[PDB]
Amino acid sequence: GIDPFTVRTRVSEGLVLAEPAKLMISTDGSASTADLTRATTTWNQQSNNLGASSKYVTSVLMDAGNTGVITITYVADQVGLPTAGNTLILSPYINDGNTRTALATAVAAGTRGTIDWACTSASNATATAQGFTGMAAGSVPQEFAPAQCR
């Protein structure tokens, strides 16, 4: 079968594919709820309404409810993953220097700060250790996820 370390390396590619979405949210999706909503629409329309894709990535999509949460869905049989074990979740927060608050909540409140991202797979130990709470769970098994998503 495929080496789990090779699988992780392919999963890491998907994370790189999401970087422009993080950038778009930073520059054009975080000044207000209206901007975050527009950014969601703009991003999701890309790549035939899949956001981004590649040999290994089916889609990189922002939550349709405008929360800014990104789901990366992998092509299981190209990466080496279980058929239903193929997603990572990237959850954004605004850091005001002292506390983290979910992006959507912070933006609605006009809270200013920098944006932090938590990556979760079937497990969330790393994000938890980094102090993040409230993330939805992904589905990539932990042994196939890179460190920041375990």
# chains A, B, ... in the order shown; residues from 1 in each chain; ligands from 1

$ closest_atom_pairs --of "region 117-143 of chain A" --to "region 51-69 of chain A" --cutoff "10 Å" --atoms "only C-alpha atoms" --output "Markdown table"
| residue | atom | partner | partner_atom | distance |
| --- | --- | --- | --- | --- |
| A:117 | CA | A:69 | CA | 9.3 |
| A:118 | CA | A:69 | CA | 9.7 |
| A:135 | CA | A:69 | CA | 9.0 |
| A:136 | CA | A:69 | CA | 9.0 |

$ write_last_selection --atoms "N, CA and C atoms" --output "tab-separated table (two decimals), in the first residue's frame"
chain	number	residue	atom	x	y	z
A	117	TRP	N	-4.99	30.48	12.42
A	117	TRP	CA	-5.69	29.34	11.85
A	117	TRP	C	-5.37	28.06	12.60
A	118	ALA	N	-6.42	27.30	12.89
A	118	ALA	CA	-6.30	25.96	13.46
A	118	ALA	C	-6.62	24.93	12.40
A	135	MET	N	-13.18	24.11	17.22
A	135	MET	CA	-13.06	23.68	15.82
A	135	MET	C	-13.92	22.48	15.49
A	136	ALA	N	-14.53	22.49	14.31
A	136	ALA	CA	-15.14	21.28	13.78
A	136	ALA	C	-14.05	20.24	13.50

$ residues_around --residues "residue 113 (chain A)" --least-positions-apart "4" --cutoff "10 Å" --atoms "only C-alpha atoms" --output "list in words"
residues 30, 93, 94, 95, 96, 97, 98, 99, 100, 106 and 107 of chain A

$ select_by_dssp --residues "region 5-140 of chain A" --states "strand (DSSP E or B)" --output "JSON, numbers by chain"
{"A": [57, 58, 59, 60, 61, 62, 70, 71, 72, 73, 74, 87, 88, 89, 90, 91, 92, 93, 94, 95, 100, 101, 102, 114, 115, 116, 117, 118, 119, 120]}

$ closest_residue --among "A:92, A:146, A:82, A:4" --to "residue 23 (chain A)" --atoms "only C-alpha atoms"
A:92

$ select_by_dssp --residues "chain A" --states "alpha helix (DSSP H)" --output "PyMOL selection string"
chain A and resi 4-28+33-49+76-79+103-109+125-129

$ residues_around --residues "residue 120 (chain A)" --least-positions-apart "2" --cutoff "10 Å" --atoms "only C-alpha atoms" --output "number ranges by chain"
A: 71, 87-91, 117-118, 122-128, 135-140, 142, 145, 147-150
